[PDB]
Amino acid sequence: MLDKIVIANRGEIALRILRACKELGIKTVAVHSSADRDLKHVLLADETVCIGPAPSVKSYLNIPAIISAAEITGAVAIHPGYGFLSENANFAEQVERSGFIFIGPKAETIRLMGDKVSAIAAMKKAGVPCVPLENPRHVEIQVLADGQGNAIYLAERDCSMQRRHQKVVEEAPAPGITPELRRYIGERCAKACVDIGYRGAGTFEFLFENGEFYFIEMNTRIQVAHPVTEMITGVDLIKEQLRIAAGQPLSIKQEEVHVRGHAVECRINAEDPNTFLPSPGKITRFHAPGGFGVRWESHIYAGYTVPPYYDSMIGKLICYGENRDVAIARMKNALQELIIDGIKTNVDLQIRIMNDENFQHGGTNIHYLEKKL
């Protein structure tokens, strides 16, 4: 394995990456802003480096600071997580120019898929259906490619519950998607990976309407909702990224990828339910939910202050069951068990969505939540 990596991110995803590193025996370097010294993953990391003041512009987006931290600590690779610099092709290029492994695709591939014009042309050439949409669902295909010619798909996710184009609930697999539709669109995505020389984890986002898929964009990084795919396949997507990055060919064949059960993820945000405006502050009492099929992904703890400088998402609750109904029933109970006092959160909204008759039936479109609210 990689001897030592910099986790070039923060919050829940940084903690997610740290855990995978610990499991693989990879040493961790937590780079953090002045406002993030008390992040759980920072406290758990082997080494820590303060890379700048609070604003992201001068810390988590500060390319020379992050490279310098990686050099001084003797790291060999950098994991960008999601957001921040994960899809910054200039960053990928510099990481590799500086002699590090970038845990993600080649810079050229980031540029190719980061421009909508070049992206669509690449997809059309590959055989991925593009827009040639009033009532669509958001359905996305998870892929893994080793950058060595091997590429697999790991079913799909439905992320149609959104507010202002930001996902609120994600689930896997997508309700209504048959093994044959899954195979059709998955094979096309896997081929596209080979054709573009894709390396690492990635997501093909589609609009899905009247039984047809239409490509919107590729996220050339890990996804916020990766855990739902993990629950239904058993594949640890972060460990796979780390293995691929170490130069290991894919250790999973397509025929070894099986969908079993169902998982739902509720994003937990520090926000005023009356306005949906961020509500940072100090958490005074905290209790995580437990139980069979319950997975809580979050850096928060009792006494932790959510700073004002970053995104409002503070955690993700993921519930798995043998079927969709069990997953939803467990989510209902887990959301009720969750205690986050001292700040405002969207837990009550998540409870309402779980209790929604149309969501319980499934297959609601991308416009549903905003119509409901």
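Note that residue numbering begins at 1 and tracks the sequence as displayed.
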message = Please compare 239-247 with 173-181 and name the stretch with the higher mean C-alpha B-factor in the deposited structure.
response = 173-181
key: Higher-B stretch (mean Cα B-factor, as the entry records it), 17-25 or 353-361   = 353-361
note = Scanning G234, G281, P273, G293 for peak Cα temperature factor in the entry gives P273
ask   = Of the options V143, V257, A263, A89, which has the highest CA B factor as deposited?
value = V257
request  = Please rank the C-alpha B-factors of the chain's modelled residues and tell me whether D46 sits in the lowest, middle or highest third.
outcome  = lowest
remark   = Tertile call for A151 (CA temperature factor, within chain, third-based) is the highest
message = Splitting the chain's C-alpha B-factors into thirds, which one does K124 fall into?
response = highest
ask   = Once the chain's modelled residues are ordered by C-alpha B factor and cut into thirds, is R188 in the lowest, middle or highest one?
value = highest
query = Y82's Cα B-factor: lowest, middle or highest third of the chain?
reply = lowest
